[PDB]
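What follows is a short report on a single structure.
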Amino acid sequence: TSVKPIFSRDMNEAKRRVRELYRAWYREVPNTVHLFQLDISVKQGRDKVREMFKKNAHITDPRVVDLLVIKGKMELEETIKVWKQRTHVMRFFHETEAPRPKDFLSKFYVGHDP
Amino acid sequence: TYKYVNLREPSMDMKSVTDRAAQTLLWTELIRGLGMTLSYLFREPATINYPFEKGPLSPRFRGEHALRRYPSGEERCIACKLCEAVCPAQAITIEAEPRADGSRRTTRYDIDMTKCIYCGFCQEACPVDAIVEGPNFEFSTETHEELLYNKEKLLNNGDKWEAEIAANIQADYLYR
Amino acid sequence: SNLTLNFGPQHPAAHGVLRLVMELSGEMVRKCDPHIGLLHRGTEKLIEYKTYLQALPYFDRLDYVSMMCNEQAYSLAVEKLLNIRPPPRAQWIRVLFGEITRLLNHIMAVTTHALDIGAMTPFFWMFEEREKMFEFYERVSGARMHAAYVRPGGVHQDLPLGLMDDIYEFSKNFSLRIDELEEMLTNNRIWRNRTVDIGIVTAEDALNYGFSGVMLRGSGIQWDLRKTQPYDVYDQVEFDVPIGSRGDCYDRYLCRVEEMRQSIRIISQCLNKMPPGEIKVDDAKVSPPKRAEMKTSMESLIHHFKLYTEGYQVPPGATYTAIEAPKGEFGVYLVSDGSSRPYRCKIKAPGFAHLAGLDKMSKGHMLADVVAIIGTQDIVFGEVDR
Amino acid sequence: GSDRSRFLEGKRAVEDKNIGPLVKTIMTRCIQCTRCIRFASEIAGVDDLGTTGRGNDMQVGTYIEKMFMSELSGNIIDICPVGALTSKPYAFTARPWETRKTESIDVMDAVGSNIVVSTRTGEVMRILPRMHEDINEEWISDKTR
Amino acid sequence: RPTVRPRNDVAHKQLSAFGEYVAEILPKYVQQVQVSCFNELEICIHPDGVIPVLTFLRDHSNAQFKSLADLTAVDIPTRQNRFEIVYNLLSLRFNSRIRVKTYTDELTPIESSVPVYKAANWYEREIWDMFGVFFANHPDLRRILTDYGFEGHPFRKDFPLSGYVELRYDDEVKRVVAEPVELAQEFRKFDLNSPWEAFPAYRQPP
Amino acid sequence: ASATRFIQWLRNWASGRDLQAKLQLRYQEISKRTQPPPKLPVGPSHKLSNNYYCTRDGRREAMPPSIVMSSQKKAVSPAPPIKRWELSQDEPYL
Amino acid sequence: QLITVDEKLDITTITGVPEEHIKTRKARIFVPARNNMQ
Amino acid sequence: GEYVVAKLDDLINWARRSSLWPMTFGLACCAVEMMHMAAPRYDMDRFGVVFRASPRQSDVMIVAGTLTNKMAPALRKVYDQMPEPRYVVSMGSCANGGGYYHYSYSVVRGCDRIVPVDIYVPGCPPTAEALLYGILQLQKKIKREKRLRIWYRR
Amino acid sequence: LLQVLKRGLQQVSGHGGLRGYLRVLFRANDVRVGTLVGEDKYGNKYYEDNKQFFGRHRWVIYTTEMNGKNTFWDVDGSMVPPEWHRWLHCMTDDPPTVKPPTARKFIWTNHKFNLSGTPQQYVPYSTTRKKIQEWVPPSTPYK
Amino acid sequence: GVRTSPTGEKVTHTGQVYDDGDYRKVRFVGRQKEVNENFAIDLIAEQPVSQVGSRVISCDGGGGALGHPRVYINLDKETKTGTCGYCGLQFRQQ
């Protein structure tokens, strides 16, 4: 269990980078909504940032966390430098996807998928 | 072995220096370029009068697909699926069963002409000269759906073009 | 200020689309950041789901101005792993059409370079020559561009009777067409103002940045894979390698024009030295048998059946095989796992490393020069993006 | 084997034999390996198959017009190395390279024979045995097949 | 023999001798040296040795591999380190090619070789994009081939051929949208491998 | 081919060449579009004897790589230094 | 210098696979049965 | 009444099919055959199809090559900026329906998922003549338009 | 220069006077006179002139009516029947008047041009029959 | 041997035809159903049986290399003809 680190030597070092990235994303959302003329609000944008961060909250490997931050920074750079277009930003919200059934009965009626 | 494309010393004698000054001030090499375009103005153009005149093609030309018959009218295809196996684009779809007379024949033979890369591997693979690429290239359509050929369309193509297809195969089959 | 170049010119252009994000200060270019992948089509992944024969047409569509040369590179790599050898007549045909392909590429490279700089007329003259060469492609393969003609083991079919006479008639007049092109450009002071001392690259930098082909020889490096690592029958033809002295766009343009002349010189020898014989390896476990044999002999039918369904198995191994393609070193890192489908196929496109050097080469130049530098690299985004 | 032929003569051709609705015989393809004969006698306990004639004319069959209708008869399709014995229900419907194999279990009896279900484009194409030494070896019954 | 590729024992011997040469000079990093039957030399090294080994091959007077022909990766899921990093180098001085290979997994970074070859810049961006291998100290590491916001690394063996999402234009939102992939015709998987062994010389022990 | 003699002189003078000798348009010098049938040769494995496949099996002559060193005197270069190229005698300078 | 990681190796969050195709799929690990036809 | 509307339709249809200014999206190898249609042998200019046309001056978009996901939003944007009437010609298998790269993760399976298409030109690539046949087919499509006839009967 | 003008006048006479000369000028944008090679059953007329350069040495003057369609102004390449398609595209040197195609009973006696965008356009469909047969409940209330 | 179903839709040579309540026949409204009229099963049945002298005959479909792979047909059975498995031509021993 001896491995080469990416950036952080432990979880505490890794969590510092996570918080720094959250700060950058949090401050960027108002500019993104304006630059891309999004129809979503700033609260919706910041809620989306929180949801994406929360889904990875269970990780305990500092190397995995480093990669998640590395990828999150890349995503932020794409947004700030406006390499993304309006469609790329809005892909986080899945507006044209119909809600998919969650409970057993709804899934049972519509198909065979679990 | 190599050669230099641009390793030359301009002469610095007065006569040569004055040749370059004359070129600079009197635009001689620009005039020369005007001579070339003027000569082309008086050349016969290379344009042909399409669709009354057509570009030349060879018997090997790979155009629209067709399914062929024997002289008796029986289909050549015996549903071996070699064309479907080799197709680099997976453009061919085949189903088969015993025909009412016991023959081994297809019940489905589809070519998605928008998946096809018009490579001719199917006609190379076919062991009985059943699927060929014909000489036709003027079959553009107004809808996507019209380019999803089923077996009836491909057999109709064979019956439509067999006169030309047979002669082209006669011309090239000794190279195969 | 920040600026984005347009995807492509407002006239027909066949290089693909590029998103160039640039940083400018006044007229000068300070940073170039090409954003590619606009023609990325996952070719390298698709090949893993194909037999070796099924993957061959993908190479026509990489540098789709140099079709048969890309076919040759892939064929040589598979022949090496197969440990077989194509017959001598096929090798001569491959060199003959390799140089016809070089002419096709250099016409496109030189004339569209000129067309983007504003010199429209030569494109029209020389594309009539390209149209006649498309006819040679069509007469051997039935296709004007994506012939799929050169295959591991040799070529698909022998030349039709009368083709070599027509290639001779074409070649007889082509140098005159080059001369007319040089009359328009070589000594033109406007052309020289757009190219001389533009995009200079040192010999040392060109090597470290991964350059190849004319991008090396323009800087004086004496290197050509047809000379140093010959393949097929290139060791049996005589030709000179043009070498630049200034390492700029003008010298690279002169190198490409002179290479066209040397290609005619090679084609001349190929037309006279063409030997008789079969045109694909006489091993029916690799190359399919003749149709008459397939319809008469039990062994031939089996091998035809198996070669067109499973395909031939290739012994396990990995090779990096490269050729002197018209745009530079074109290679394939081909990994075989012993089956009839390649395990991995990395494609080395010469334009990939050339375009990566656009930022280096454009330093200290103006916006209009960026167009000239892209042209001198001769970039096609099918091979860059794959 | 070699990659070419040097056989310059005409080929033999034999007449086909009707042995029932499950097994189609194209006996010109037979290579006289006698696997079917040995299977019928030893595994199935049915001494109906043999060889008639001699030399190049030796023919596998029943001699008289007879049906090989045993509950294990369909297994001769698998053991025949060539297309001399083929499944009549399956005829012409698929090629092996395009089928997807689902390893499954048979429910037609309580033996639990291990099977492979061959499917193509969402359709069941045939049933093959799956080797299991402790249950069905490499055979299945005709109802299972 | 007209159909058989001829051998070249002279080059096989030269490359073998140079293979030992490199192994003797870099024993800290070199794990294996082999020469293929078609005369290609491969140096298999520990990943820590990327910069020392590449620098040596570039700058040593008996090597002078000044040109990086290609840098790529191969995914072999059955290996503990599934990724194999392959450097194809060329020496114009000695008219020779060498191949250097190392390995890594999903979470272990590899040192960027941009300091040795400027050519490596984009090759490493492509490896990161297509395989997800991280290169330490890379000046500008980011996707290069895939679309912005693309998730996953498509050249991994376990990434599906058609991916997970596909695009279309939606009139209601007046933009191109991304949705889970559905195919009118599923790609038809073929089982092509013959059940009979083809090459005895490569048989693995039971 | 059908240009008047005056027009031939004008475009010859303007271009500075004898264009009429190398016209870019093809006339009757090209091959006929119907040719006699070919009779193509056969390869060297088309023999009735002394032709066993195991004597001409290239694929089966391939071997796994030779292992020179596994982790299980004069210096050398990967090959002799490349020989300096010669100037063309056909035309050294453009 | 190396670090110490005692976590079980898990890369689900960095593979880009949708959750539906991680949590509801059942992988089957097997040696394919010999095709009984050969 | 109906006679005057019928002839006005003929006049405007004639003008539009006689002056087709194309915006070419030269995406991949199909663009090469498009260049050969502009080249002297076919000279599309002789039909009134100009060589160089700005996207805001264009009447027809020719999609000549593979459309990737990365490129699809930019192609739609150019189409949306085209002044009407506007037509789209899909050239080649890739543009028609994905072609050789149909099963790729990065490729749009036909440009008709992004823009309406008027003419599909088959081939990989279609020959320059096959493309010219497609453009001539679009001209006859414009000839059949009855815009004023429909408007009069509203 | 006078001989060029004479050849210009010869074309007017060679197209049956001014009316015929103007007709071909506006239908075909070309007034060249060639040798008549033949006419197919639909009315297309095929001409050759081997003094023209390769490409312009063969051409077809399309019929004014084909399969009930007025093709005086609307012509297209798909109107050439297959037996002439080979000759017109220089896939062969012999016209069907000298090398007629082999007759087969199944070959279309009537060529059809591109039918896209008309009520005769091709419409794809699945040519296979139903796979799974459903159980039909009894038509009586025995329950 | 085309025949029209009760709804008037032609049946193909593969027996396909949309049934009464199948919405999919809406695709043919205002257009047509492409059906090839030359049913191969009917055309091969018009060929006469070929009378031959030998017990074994070979067929390659005619045209030499332009036909199908050459196969040999046993004619011992007198209750039926020998049928070519590629082209459907029939033979009988006289």
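Letters A, B, C, D, E, F, G, H, I and J mark the chains in the order given here, with residues in each chain numbered from 1 onward.
Keep this in mind: contacts are C-beta pairs under 8 Å (C-beta built on N, C-alpha and C of every residue); 3 or more make two chains touch, one makes a residue touch a chain.
Think of each touching pair as a link: the shortest run of links from chain D to chain H has 2 of them. Common partners of chain B and chain I, by the touch rule above, are F, H, J.
Two chain pairs, C-F and B-E, are compared here, and C-F has more C-beta pairs in contact (counted per touch definition above).
Inter-chain spacing, taken between the CA centroids of chain F and chain H, is 40 Å. With centres set at the average Cα position, the gap from chain H to chain I is 24 Å.
Here the CA centre of chain C is 53 Å from the CA centre of chain D.
Inter-chain centre distance (chain I to chain J, centres taken as mean C-alpha positions): 31 Å.
Shared interface positions of chain A, i.e. residues touching 2 or more other chains, are given as 3-4, 61, 63-64, 67, 83, 85-88.
Among the residues of chain E, those in touch with two or more other chains are 2-5, 36-38, 42, 92, 95, 107, 143, 145-148, 154, 161, 164, 175-176, 178, 180, 187-188, 190, 192, 198-199, 201-202.
Multi-chain contact residues of chain F, defined as those touching 2 or more other chains: 1-2, 15-16, 19, 24-26, 30, 32-34, 38, 40, 43-46, 56-59, 61-62, 64-65, 82, 85, 88, 90-91, 94. Within the complex formed with chain G, the residues of chain A that make contact are 1-5, 9-10, 55-56, 59-64, 67-68, 71, 113-114. Across the complex, chain C is touched by residues 60, 64-65, 67-70 of chain J. Every residue of chain H that touches chain E in the complex is listed here, in rising order: 68-70, 72-73, 76, 103-106, 108-109, 113-115. Put simply, chain G touches chain E in their complex at residues 9, 11, 14-18, 21, 34-35, 38.
Residues 1-5, 7, 95, 97 of chain D touch chain C in their complex.
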